[PDB]
Each structure stands twice: as structure tokens, then as C-alpha cells.
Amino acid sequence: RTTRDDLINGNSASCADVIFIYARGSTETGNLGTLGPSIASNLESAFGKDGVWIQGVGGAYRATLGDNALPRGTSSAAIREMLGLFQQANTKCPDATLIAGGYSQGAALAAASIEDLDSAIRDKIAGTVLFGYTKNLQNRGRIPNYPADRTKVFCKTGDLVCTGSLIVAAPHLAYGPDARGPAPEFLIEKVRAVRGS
């Protein structure tokens, strides 16, 4: 449900073909929050329970509201935690295709991590989805050092965080439908583009 640690718990001798690393929004529960489970269910339908590992970013990532105001839109501790998960994935399962996503503060965290990532690992992330991307304006809708074709940003009209602000308005909480359909659709398409099927 709201907590998934498939990568950490996963057996290296039986690596999934796809590994999804996801960062929740501020004040959300578990390590998946409100949107992660919906994405997870759909990925499982496409690749099978044994075909995909769902890993939320927990540990040092406390998803503290105040951290949105920090330089990168999240804490240094949180970036360290997500970088460590990508590193663990790369080590435990070198042939797995990676995919990532984040919501709100988690979207900033995802962008910051991917930006700092070793290029050899970053290049393994076939697609990334960002909802209510807090650095959308600042980054011009991109993730630094990461291709636009592998990025999909969901930013609703009226969601002030997508427009350079840190104010939380109603549209910021309306990504449910996106997480249930277009987000996983994008991720599945990007994985199949490289892995075939």
C-alpha cells in the first residue's frame, strides 16, 4: 500500500526486469504517499508482480514541508537517500531498466537526484514522471542533464508551484486521475521502447 521496499527487500539472485523509484509529496505517509500506490498497481499489471520492483524513498527523506524552501527544493539528506537507492539498484540489478517519479517536494527531489547521478546510472532511467513539479518554472519543465523525451511533467492549470510559487492551492491535490492513467501509460511505453516486449 503506502510503503514499498521491493528493491531493499529484493533478492539479487532474482532481480526484477524493471525497478521503479518514487518520492512522495510533503507530509505524505509511508514512502509512496497518495499517488505512488496507483502507479504501482498499474506497473504490476503490465509487468507482473515479479517483473517490477516498487521502491519508495524513505529513510532520511522525511518529506518536511519547510524543506521546499531550501535551494534545491528539498534537503541534502533527502537527495543523498535517493542517490543511494539508484546506486543500490544499479549494483543489485545491473540489467534492470529503471524508471522514476515524484510528486511535489518528491518531484524536486527526483530532479535533484537525477541531476547529481553518475551518468552511467542516469542513462538507465528510461522514463521519469513528475507531478506538481515545484521547480517547473525554474528548470523550464526539464530535469537538468536528462532528456526531454524521457521526461513527462504533469502540472495543472492553477497549481501555483508549477508557476514559481510555493503556495499550495486545490489544483496541487488533483493529480489522482493522472497517476491512474497517463503517468503509468508513459512509464510502460518508455520501458517497452527500450526493452521491447
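Throughout, we count residues from 1 along the sequence that is shown. Heads up, when I say rigid core I mean the largest set of C-alphas that superpose within 1.5 Å between the two forms.
Colleague: Taking the root mean square of C-alpha distances over all structures and residues in 4 other deposited structures of this protein, with a rigid core superposition, name the larger of 179 to 187 and 11 to 19.
Modeller: More C-alpha displacement in 4 other deposited structures of this protein shows up in 11 to 19.
Colleague: Comparing 52 to 60 with 138 to 146, which has the greater mean CA B-factor as deposited?
Modeller: Mean CA B-factor is higher for 138 to 146.
Colleague: Taking the recorded C-alpha temperature factors, which stretch has the higher mean, 83 to 91 or 108 to 116?
Modeller: Looking at the record's C-alpha B-factors, the answer is 83 to 91.
Colleague: Comparing recorded Cα B-factors across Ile19, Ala183, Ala13, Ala23, which one is largest?
Modeller: Each of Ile19, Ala183, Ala13, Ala23 was compared by C-alpha B-factor; the highest is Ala13.
Colleague: Choose from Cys155, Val129, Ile39, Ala46 the residue with the greatest Cα B-factor as stated in the PDB record.
Modeller: Largest recorded C-alpha B-factor: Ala46.
Colleague: Which third of the chain does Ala179 land in by C-alpha B-factor: lowest, middle or highest?
Modeller: Answer is lowest: the recorded C-alpha B-factor places it there.
Colleague: Lowest, middle or highest third: which one holds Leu173 when the chain's residues are ordered by CA B-factor from the entry?
Modeller: Tercile = highest for this residue's CA B-factor.
Colleague: Divide the modelled residues of the chain into thirds by Cα B-factor and specify which third, lowest, middle or highest, holds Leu160.
Modeller: For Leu160, whose C-alpha B-factor we compare with every modelled residue in the chain, the answer is the middle third.
Colleague: Could you look up the Cα B-factor of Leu70 in the entry and say which third of the chain it sits in: lowest, middle or highest?
Modeller: Middle third - that is where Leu70 ends up once the chain's C-alpha B-factors are sorted.
Colleague: Name the third of the chain's ranked CA B-factors that contains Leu32, choosing lowest, middle or highest.
Modeller: CA B-factor rank for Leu32: lowest third.
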